[PDB]
Structures are given as C-alpha cells and as structure tokens.
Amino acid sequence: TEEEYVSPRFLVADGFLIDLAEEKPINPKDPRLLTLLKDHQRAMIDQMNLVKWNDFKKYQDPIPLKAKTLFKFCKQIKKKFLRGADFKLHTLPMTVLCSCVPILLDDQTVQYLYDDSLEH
C-alpha cells in the first residue's frame, strides 16, 4: 500500500480513497467520481490497490486497521463494542467506548473501522 494525492481533495492511502472535503473514506465505485475526477486521475486509482467495499458486507464486527494515514484524516465517532477474548472488538448485543470511522456500504449496513495500533 502506497499514499498519494490524486487531487487536492482526494487522497489515496492505506487502500482507501479519502475524500478530504468530507473527512471520510469514499467508495471507489461512487459514480460521482466519473464527473468529479479527470481520466488521468481515475487511471491513477485503477493502477492502485483499493479495498472492494463489497468484501465488507460479509463481516458483522468492526474491522481493525493498521492505517496511520486513514485515521489521521477521517472524522471519527464514539461507538460501543464488546471486548472479546480474541482481543478484537465486536458488535454490542467488557464494554468499550472506541472511536472509529464509519463507512456506508451498498448493502446499506454500516461497517466500522477502528485503529488497530491502539490498546483499549
């Protein structure tokens, strides 16, 4: 994984396309990008490795990420998760108030990304 500013607004880091104007990750398949970006820019994104947001539908718990850049530029909120014995965080229903990044999938289910370099 490598970092790079595809434009002043869009930054590609840690496998995600980061919309700096919104301070959050954006699906690399959002049609808006067809107009918001010029071909050479969208080509730069093709040549790079980006997480396919659909691979996320399959998971129920928030995902721990090793991405100093993503958490540096993305808004975060407080969310409550269960602290399991596998030392990971899980959906609620040993509680932890953890800050993380929310990303809206097509499945409409929200997936949560939290900083894995942190001990709670």
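Position 1 is the first residue in the sequence shown; the rest follow in order.
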Residues with no coordinates between residue 93 and residue 94, taken from the deposited sequence as a class: 10 or more
Tell me which of 19 to 27 and 103 to 111 has the higher mean C-alpha B-factor in the deposited entry. 103 to 111
Highest recorded Cα temperature factor - choice among 47, 54, 76, 69: 47
Based on the deposited C-alpha B factors for this chain, I'd like to know if residue 39 is in the lowest, middle or highest third. middle
Using the B-factor values recorded in the entry, state whether the Cα atom of residue 33 falls in the lowest, middle or highest third among the modelled residues of its chain. lowest
